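So this one's two forms of a single chain, laid out as structure tokens and tagged structure 1 and structure 2.
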Structure 1
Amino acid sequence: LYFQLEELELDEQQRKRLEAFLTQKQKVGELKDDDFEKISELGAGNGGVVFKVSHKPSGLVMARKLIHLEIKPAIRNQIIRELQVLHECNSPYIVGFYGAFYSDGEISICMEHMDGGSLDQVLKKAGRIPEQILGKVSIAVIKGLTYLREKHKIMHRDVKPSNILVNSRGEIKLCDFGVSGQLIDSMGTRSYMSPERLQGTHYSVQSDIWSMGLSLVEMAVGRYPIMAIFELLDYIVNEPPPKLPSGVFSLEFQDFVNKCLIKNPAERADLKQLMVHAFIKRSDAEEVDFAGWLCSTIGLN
């Protein structure tokens, strides 16, 4: 394989992992419904269901997300075409992609199976996620958002703990980002939407930063930090943003989440500012055995 990954500025461990995923991916060509065998259900959300599946031709285990869409064949074909851009989204902070296709009313998005599931699943078992672990998660989310914005000119649009995947090798990766404008066009109890997105405002990277800040507070505290639908949304729009409880969390982490949760998107921190924030600089220097913590917390390996 003639790897052209020089632009990523990968460390040796990251380079080995990314080249290994891409090498496995070479066993996978056209994806068809008949070539899969369902192993189990990984989980489900509002828009789709995700199954752990065996791809019979390659022998690979994958996560197959199925989104029910039975629309004009030409517009569903445009969605499938737009999803093919995922073949160009190679980053240590973005879930690996095998392919996307349509079959009998469902769009399938086939991904790298992440054996640690999502941080939403981890949170249910851990209770609360330690601040040092959240430092590593924050680095991964900022780096993933920067990669999608700088290399592909897209915003995530759906940052939340269920869209941050982890594995037994200690990798942290984003999924469910808005790669397809038409899929966004064609498509509850908790909202991670920014106050400006709830009110109307055009999508900005700033809205993803709010979502990340809220997700960090939830994971730090062990509960959604904001109940009726109007009551919850009215709180986000018209009341002060949530804050981390003082004393239990470092001043750096409190300031970092505070900068993400500023109501005015112009005053709210941007990705460049967050990357050099004291919380990120401190967290990047820390030696944290994320893999060991994850495997111990959820009983992996």
Structure 2
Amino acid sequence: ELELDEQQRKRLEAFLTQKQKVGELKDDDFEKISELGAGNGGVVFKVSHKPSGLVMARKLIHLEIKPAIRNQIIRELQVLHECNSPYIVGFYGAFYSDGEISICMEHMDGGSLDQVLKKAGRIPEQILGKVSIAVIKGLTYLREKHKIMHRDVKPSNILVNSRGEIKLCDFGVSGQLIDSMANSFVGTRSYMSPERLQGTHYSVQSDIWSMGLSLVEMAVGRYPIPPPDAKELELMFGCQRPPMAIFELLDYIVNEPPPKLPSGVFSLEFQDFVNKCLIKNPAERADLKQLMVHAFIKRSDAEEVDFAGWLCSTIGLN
């Protein structure tokens, strides 16, 4: 389940290979082709890197970095956003220029699943099965090798390509950066509690909920709170005042039953899978190991799904 198949191992070595061959990244070596999407602190562009001729994704975060910490922050960006997993998007490098931090990444040609959701209307179960595996494995990797974080996965944080790969975005860079800046000084210090430095406030559990929710979102084709009543259901699915504001949604999430998949239209194991994710008490909610052996995942792992053909057809790639 967990270690890499040699095709995976090769694809990774092959990226790392290229990365060292790219040389030093600077702004006037990039030619902007199009906008891929909007990040929290800025915009992700598809760009060609003039020297190597490589196509990349370049996330531009408009953010002022004091000279005294200018690198050291960056040192840590490199350290924090360079991964070596099939389930995390490839990292080329990161640089600063004129109040812009640039993060250069592997270009995923299929885009994010929020865009793909719009193209498709709904993403089918078997497809989400393979998405789940990927997210679970990515989050596993991030947790073993990188972080103590709230990682709350949205469809906009999941990337796909025409090779049929599914990878997490390198998401939440802006929050990370401001936090980094908040925790650096002259001389080295920290006012963070011991409790917070082994960072188990941030158990995997919160990540799982968000994933659960993303899965229902993608499966039914809309943000799932407030749930859709029976009117909507039969219509969406063939017989299986409104816009609440934010204070209300937040209380709804805390105080109301968790959203869930409609019956009949989705397999029992999928329904159970997401129910495990959305158990409201995080003591009782599934953890990542639990999900990796859940019925849905076992079945999905064995299914031969033509992910890449589904995707290309959905978004019109070729």
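Residue numbering: sequential along structure 1, first residue numbered 1. Here the rigid core means the biggest group of C-alpha atoms that line up within 1.5 Å when the two forms are laid on top of each other.
After superposition on the rigid core, the single residue among 116, 195, 99, 144 whose C-alpha moves by 2 Å or more between the two structures is 195. Once both forms are fitted on their rigid core, the CA atom of residue 177 lies 2 Å or more apart between the two structures. Comparing the forms between the two structures on their rigid core, the Cα displacement of residue 76 reaches 2 Å or more. Once the rigid core is overlaid between the two structures, residue 281 does not reach a Cα shift of 2 Å, moving by less than that. The rigid core superposition between the two structures gives a CA shift for residue 238 of 1.6 Å. Core-based alignment between the two structures gives a C-alpha movement of 4.8 Å at residue 86.
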